[PDB]
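Residue numbers (this note's numbering), protein chains in the order written: chain A, 7 to 143; chain B, 13 to 337; chain C, 41 to 372; chain D, 16 to 145. Below is one structure, written out as structure tokens, with a few remarks after it.
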Amino acid sequence: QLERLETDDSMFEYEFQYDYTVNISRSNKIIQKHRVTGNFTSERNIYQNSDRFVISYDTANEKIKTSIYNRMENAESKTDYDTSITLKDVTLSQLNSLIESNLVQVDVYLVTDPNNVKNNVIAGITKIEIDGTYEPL
Amino acid sequence: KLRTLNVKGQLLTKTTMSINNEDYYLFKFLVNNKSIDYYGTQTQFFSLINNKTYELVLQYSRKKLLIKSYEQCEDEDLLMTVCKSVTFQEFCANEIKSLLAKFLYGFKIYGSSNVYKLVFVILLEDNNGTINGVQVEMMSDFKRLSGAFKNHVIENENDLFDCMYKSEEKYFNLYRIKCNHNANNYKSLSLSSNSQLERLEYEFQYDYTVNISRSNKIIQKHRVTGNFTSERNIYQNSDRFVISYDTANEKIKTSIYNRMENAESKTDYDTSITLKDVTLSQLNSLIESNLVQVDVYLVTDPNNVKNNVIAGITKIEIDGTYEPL
Amino acid sequence: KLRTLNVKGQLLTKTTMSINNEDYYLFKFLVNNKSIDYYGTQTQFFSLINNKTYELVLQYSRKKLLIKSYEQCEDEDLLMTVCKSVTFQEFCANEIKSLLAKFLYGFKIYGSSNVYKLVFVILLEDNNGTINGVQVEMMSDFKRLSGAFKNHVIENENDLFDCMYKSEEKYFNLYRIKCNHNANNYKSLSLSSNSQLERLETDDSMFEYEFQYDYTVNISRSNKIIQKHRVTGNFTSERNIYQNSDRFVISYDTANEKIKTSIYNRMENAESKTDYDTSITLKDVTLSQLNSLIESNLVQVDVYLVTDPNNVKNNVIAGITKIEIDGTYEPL
Amino acid sequence: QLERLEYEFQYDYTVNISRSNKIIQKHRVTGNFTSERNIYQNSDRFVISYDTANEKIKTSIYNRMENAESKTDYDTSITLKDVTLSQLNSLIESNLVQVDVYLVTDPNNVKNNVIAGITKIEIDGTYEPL
Numbered sequence: 007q008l009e010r011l012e013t014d015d016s017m018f019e020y021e022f023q024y025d026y027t028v029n030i031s032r033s034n035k036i037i038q039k040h041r042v043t044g045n046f047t048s049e050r051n052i053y054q055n056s057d058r059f060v061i062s063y064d065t066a067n068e069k070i071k072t073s074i075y076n077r078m079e080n081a082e083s084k085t086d087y088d089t090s091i092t093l094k095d096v097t098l099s100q101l102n103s104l105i106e107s108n109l110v111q112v113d114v115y116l117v118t119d120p121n122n123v124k125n126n127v128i129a130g131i132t133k134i135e136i137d138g139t140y141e142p143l
Numbered sequence: 013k014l015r016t017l018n019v020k021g022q023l024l025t026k027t028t029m030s031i032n033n034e035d036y037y038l039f040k041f042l043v044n045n046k047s048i049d050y051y052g053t054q055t056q057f058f059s060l061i062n063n064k065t066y067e068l069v070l071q072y073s074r075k076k077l078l079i080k081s082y083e084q085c086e087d088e089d090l091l092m093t094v095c096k097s098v099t100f101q102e103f104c105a106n107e108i109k110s111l112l113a114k115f116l117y118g119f120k121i122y123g124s125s126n127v128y129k130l131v132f133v134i135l136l137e138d139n140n141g142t143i144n145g146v147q148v149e150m151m152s153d154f155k156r157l158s159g160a161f162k163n164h165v166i167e168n169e170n171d172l173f174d175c176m177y178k179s180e181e182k183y184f185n186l187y188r189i190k191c192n193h194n195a196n197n198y199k200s201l202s203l204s205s206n207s208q209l210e211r212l213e214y215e216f217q218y219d220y221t222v223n224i225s226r227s228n229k230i231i232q233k234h235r236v237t238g239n240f241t242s243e244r245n246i247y248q249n250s251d252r253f254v255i256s257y258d259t260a261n262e263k264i265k266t267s268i269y270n271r272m273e274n275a276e277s278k279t280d281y282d283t284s285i286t287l288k289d290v291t292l293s294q295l296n297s298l299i300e301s302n303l304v305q306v307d308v309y310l311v312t313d314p315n316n317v318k319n320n321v322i323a324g325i326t327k328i329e330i331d332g333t334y335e336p337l
Numbered sequence: 041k042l043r044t045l046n047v048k049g050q051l052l053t054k055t056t057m058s059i060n061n062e063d064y065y066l067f068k069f070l071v072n073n074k075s076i077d078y079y080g081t082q083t084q085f086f087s088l089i090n091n092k093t094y095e096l097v098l099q100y101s102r103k104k105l106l107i108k109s110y111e112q113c114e115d116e117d118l119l120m121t122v123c124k125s126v127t128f129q130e131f132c133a134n135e136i137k138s139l140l141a142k143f144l145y146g147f148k149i150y151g152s153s154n155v156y157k158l159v160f161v162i163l164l165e166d167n168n169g170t171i172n173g174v175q176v177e178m179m180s181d182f183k184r185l186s187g188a189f190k191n192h193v194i195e196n197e198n199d200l201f202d203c204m205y206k207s208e209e210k211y212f213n214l215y216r217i218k219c220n221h222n223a224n225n226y227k228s229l230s231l232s233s234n235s236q237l238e239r240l241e242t243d244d245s246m247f248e249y250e251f252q253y254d255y256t257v258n259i260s261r262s263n264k265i266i267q268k269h270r271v272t273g274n275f276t277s278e279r280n281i282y283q284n285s286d287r288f289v290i291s292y293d294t295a296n297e298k299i300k301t302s303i304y305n306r307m308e309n310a311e312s313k314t315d316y317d318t319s320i321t322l323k324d325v326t327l328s329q330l331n332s333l334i335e336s337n338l339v340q341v342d343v344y345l346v347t348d349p350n351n352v353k354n355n356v357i358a359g360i361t362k363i364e365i366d367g368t369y370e371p372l
Numbered sequence: 016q017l018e019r020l021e022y023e024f025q026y027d028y029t030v031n032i033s034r035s036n037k038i039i040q041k042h043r044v045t046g047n048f049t050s051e052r053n054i055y056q057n058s059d060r061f062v063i064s065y066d067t068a069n070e071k072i073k074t075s076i077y078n079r080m081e082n083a084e085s086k087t088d089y090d091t092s093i094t095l096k097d098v099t100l101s102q103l104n105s106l107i108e109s110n111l112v113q114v115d116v117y118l119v120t121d122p123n124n125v126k127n128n129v130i131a132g133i134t135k136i137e138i139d140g141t142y143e144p145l
């Protein structure tokens with residue numbers, strides 16, 4: 007079970023220590039959440055190595071150029087993987103229309119390296135719709 | 013209540029596909045020069061013809077973007093309709109467009125009988141949405157340039173330089189300019205017969221960091237104020253003049269490349285250059301006595317100020333006469 | 041005579057457009073696991089249903105490939121049908137696929153009790169069309185691994201190890217294996233319940249040709265490959281706790297060179313017991329005994345090592361298997 | 016006039032005077048050919064990877080269109096070109112066409128590869144460029 011301790015005193019003694027510089031679940035990387043607020047540009051791209059989506063967006067801080075590797079879970083004896091990605095390409099290329107019109111907001115969860123920031127790959131995306139509806143990706 | 017979006021564009025492709033016994037329809041549109049895919053049903057799949065401008069009212073239903081309603085706009089033309097920015101795609105499509113630019117410098121290309129280069133700063137959009145101010149070059153003969161400038165008459169070369177200097181850093185509504193793209197890409201501008209340049213007589217960053225026409229260089233103008241020295245030097249790689257001049261800020265060492273047009277089947281190449289060295293070895297004399305002022309238009313590398321190459325020198329005289337080199 | 045071409049695939053999408061009021065009809069099909077676009081006429085655009093297989097007949101006319109004639113095949117199934125190679129894309133779709141592979145190594149991971157890992161070389165075609173042999177990993181427990189081996193029953197651990205050491209460097213036809221990505225992409229294989237690993241048992245001819253099965257890269261490891269080493273001489277073990285993790289510093293002779301390495305101490309199923317230290321020290325005794333055991337040929341030890349191909353001093357031990365004169369095998 | 020006619024020893028080239036630190040090399044596509052539409056922050060290009068007898072070449076080619084006015088022809092004549100590219104492999108395997116890739120390459124760094132043009136050699140004698 008997972009209960010929130012919630013707001014409590016002696017909090018300050020704790021906040022100092024829980025400031026982190028490393029992730030023990032990655033290979034010399036960490037995870038970051040950026041709030042997409044500007045120009046989201048998606049475009050399908052295959053490289054010699056694998057299948058990815060070239061993604062670049064703006065935050066209140068800086069502009070990030072990143073990638074995301076493509077995969078499917080439990081797609082058997084079916085062309086669905088191909089048509090499923092083309093769904094996500096349409097869905098991606100529509101995000102920019104929705105952020106600008108403030109119909110949704112985007113949470114990009116980035117697996118990033120603290121040293122070389124060019125090592126940027128997205129781990130997952132949450133779409134936070136005005137409805138209270140959450141369509142992750 | 014639900015929310016909708018109004019967009020206007022022109023249809024390019026319409027794709028269909030099926031997933032889990034559900035037949036979907038996509039409509040690739042060109043809205044604001046952006047290839048966007050909008051969802052639609054089977055009814056619209058036969059209601060919309062490609063290459064035809066439509067007015068669209070969208071709708072965000074079921075975490076998708078659906079076309080709610082549609083009407084037809086008929087073959088709209090945006091020429092003479094000045095717009096603040098152009099895109100990289102328009103330089104590939106090689107379009108005729110009337111846009112707003114900001115004049116800069118302007119000179120005669122060395123060794124050319126008539127080729128003048130005008131330098132502009134245009135607000136250019138990359139396909140990520142960031143609008144940067146970049147430097148662009150327009151090469152054109154005197155013929156088109158004489159009538160290109162709206163409201164100003166130019167009957168001879170001496171008249172051209174006046175209309176350029178009196179228009180330095182002024183804003184221009186360029187009309188019917190063609191965007192270009194090359195084997196060596198080198199994106200630039202160029203006039204057509206039916207084009208005008210109108211002095212407009214802002215509120216966006218017209219600072220340039222890069223010239224799209226040039227690869228890794230830019231263009232600047234230096235008012236020569238101090239010691240001007242020149243001597244002809246042929247090298248293992250080319251034939252050059254080596255020039256050193258002072259400005260109100262520093263001294264610039266640089267070099268200009270020797271070349272000649274319309275001097276075929278004639279010793280005029282070797283004689284006119286030697287006559288130019290005299291014109292160069294006299295500049296310092298005239299600037300001290302203030303008989304002339306000299307503007308040097310130089311292609312500089314923003315990283316290394318050693319990769320300096322002169323593109324044009326305009327000699328400003330006291331009487332109102334101009335003589336370029 | 042205009043020349044023609046025959047191919048078979050499934051309609052994915054169909055697109056139409058207009059160039060100077062000249063209508064075109066394009067079919068994004070799926071031929072041999074690739075996305076090729078074929079020109080058609082207005083008629084085909086209507087009779088072809090997406091996600092359905094169509095045996096096509098193409099013609100090169102007017103510098104384009106038109107779908108001359110079409111006939112429908114229904115839903116071709118390739119399970120139990122061995123493939124020489126599989127593409128990256130089949131790992132993305134997380135396909136159950138029956139392909140041809142070669143077995144290299146087999147061992148039980150250090151610290152573990154009921155988990156085993158097999159090493160394979162599969163031909164894997166990149167998306168530029170070139171095929172290379174890649175060293176691929178696979179994890180499954182003892183229960184799956186017991187009956188999955190076709191035509192060899194495996195009742196116990198010591199039999200499973202006997203069923204692998206003769207199988208080393210022998211071709212396996214793999215049946216219904218799950219190819220799979222992860223958060224850390226780590227492309228790998230897993231045994232479903234309906235999978236069967238059956239031995240080719242014919243070295244001669246077949247597909248070792250052009251030595252396509254050269255292992256230079258591991259697709260389940262990051263820039264590191266697994267290599268088996270036969271221990272020959274001085275075996276040195278000692279326990280070191282570093283600032284970061286508990287380890288044993290191990291150094292052994294092979295007929296080839298001398299390898300200094302380490303091994304990360306882990307323990308499964310420590311349940312209200314201090315027995316983690318007590319079994320690691322129990323493994324401490326096991327290690328200082330091994331040097332004496334090897335000198336006397338009483339046992340032989342195989343070291344499956346995870347090494348970097350360029351910076352070969354990077355070394356972590358994945359597992360250790362000890363072959364005894366009685367034939368009993370001890371993993372660690 | 017261009018008038019066709021132990022000289023080769025002098026006529027050996029290192030640099031191209033028409034380009035800056037770049038020469039042109041003509042390749043003959045023998046193996047796997049893969050083209051893919053890809054737009055960049057700076058440009059619109061085509062991701063290309065072909066095979067000659069010598070080695071494999073990854074490269075690019077910049078998209079442009081000379082003077083297509085008041086039309087959508089740029090977006091639609093390029094998606095038309097993405098089709099013709101993604102058919103070449105099928106036609107090189109079948110020997111219906113032979114492909115010659117003319118390449119502006121940097122002698123020093125083989126990573127500066129951009130395609131200056133392509134010519135296609137068909138069986139019946141026809142020739143389609145791009």
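The C-beta atom is built at its ideal place from N, Cα and C for all residues, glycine as well.
DSSP state of residue i, grouped into three classes?
{"i": "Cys-175 of chain B", "result": "helix"}
{"i": "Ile-105 of chain A", "result": "helix"}
{"i": "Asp-115 of chain C", "result": "coil"}
{"i": "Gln-54 of chain B", "result": "helix"}
{"i": "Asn-258 of chain C", "result": "strand"}
{"i": "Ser-152 of chain C", "result": "coil"}
{"i": "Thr-314 of chain C", "result": "coil"}
{"i": "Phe-247 of chain C", "result": "coil"}
Give me the Cα-Cα distance between residue i and residue j, rounded to the nearest whole angstrom.
{"i": "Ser-125 of chain C", "j": "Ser-107 of chain A", "result": "47 Å"}
{"i": "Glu-67 of chain B", "j": "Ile-79 of chain B", "result": "10 Å"}
{"i": "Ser-125 of chain B", "j": "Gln-147 of chain B", "result": "25 Å"}
{"i": "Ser-109 of chain C", "j": "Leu-52 of chain C", "result": "18 Å"}
{"i": "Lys-313 of chain C", "j": "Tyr-369 of chain C", "result": "27 Å"}
{"i": "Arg-216 of chain C", "j": "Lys-74 of chain C", "result": "22 Å"}
{"i": "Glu-250 of chain C", "j": "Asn-90 of chain C", "result": "39 Å"}
{"i": "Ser-90 of chain A", "j": "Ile-360 of chain C", "result": "43 Å"}
{"i": "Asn-125 of chain A", "j": "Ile-37 of chain A", "result": "12 Å"}
{"i": "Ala-160 of chain B", "j": "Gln-208 of chain B", "result": "4 Å"}
{"i": "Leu-118 of chain C", "j": "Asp-348 of chain C", "result": "36 Å"}
{"i": "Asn-197 of chain B", "j": "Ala-131 of chain D", "result": "10 Å"}
With which residues is residue i paired in a DSSP beta bridge?
{"i": "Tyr-77 of chain D", "result": "D:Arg-60"}
{"i": "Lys-298 of chain C", "result": "C:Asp-293"}
{"i": "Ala-113 of chain B", "result": "B:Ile-134 and B:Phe-184"}
{"i": "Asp-35 of chain B", "result": "B:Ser-30"}
{"i": "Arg-239 of chain C", "result": "C:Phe-212"}
{"i": "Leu-98 of chain A", "result": "Bridge partners of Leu-98 of chain A: none, in fact."}
Could you check if residue i belongs to the surroundings of the ligand ADP, using beta carbon to heavy atom distance under 7 Å?
{"i": "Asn-191 of chain C", "result": "The ligand ADP is not among the ligands present in this structure, which contains no ligands whatsoever."}
*Mind the definition here: the stretch 233-244 of chain B touches the stretch 260-277 of chain B only if three or more C-beta pairs lie below 8 Å; say whether that holds.*
yes
*Does the stretch 199-218 of chain B touch the stretch 93-101 of chain D, meaning 3 or more C-beta pairs lie closer than 8 Å?*
no
*Do the stretch 129-137 of chain C and the stretch 8-21 of chain A meet, that is, are 3 or more Cβ pairs less than 8 Å apart?*
no
*Do three or more CB pairs link the stretch 126-140 of chain D to the stretch 111-123 of chain C at distances below 8 Å?*
no
_Contact between the stretch 116-136 of chain B and the stretch 150-158 of chain B is defined here as three or more beta-carbon pairs at a separation below 8 Å; is this criterion met?_
yes
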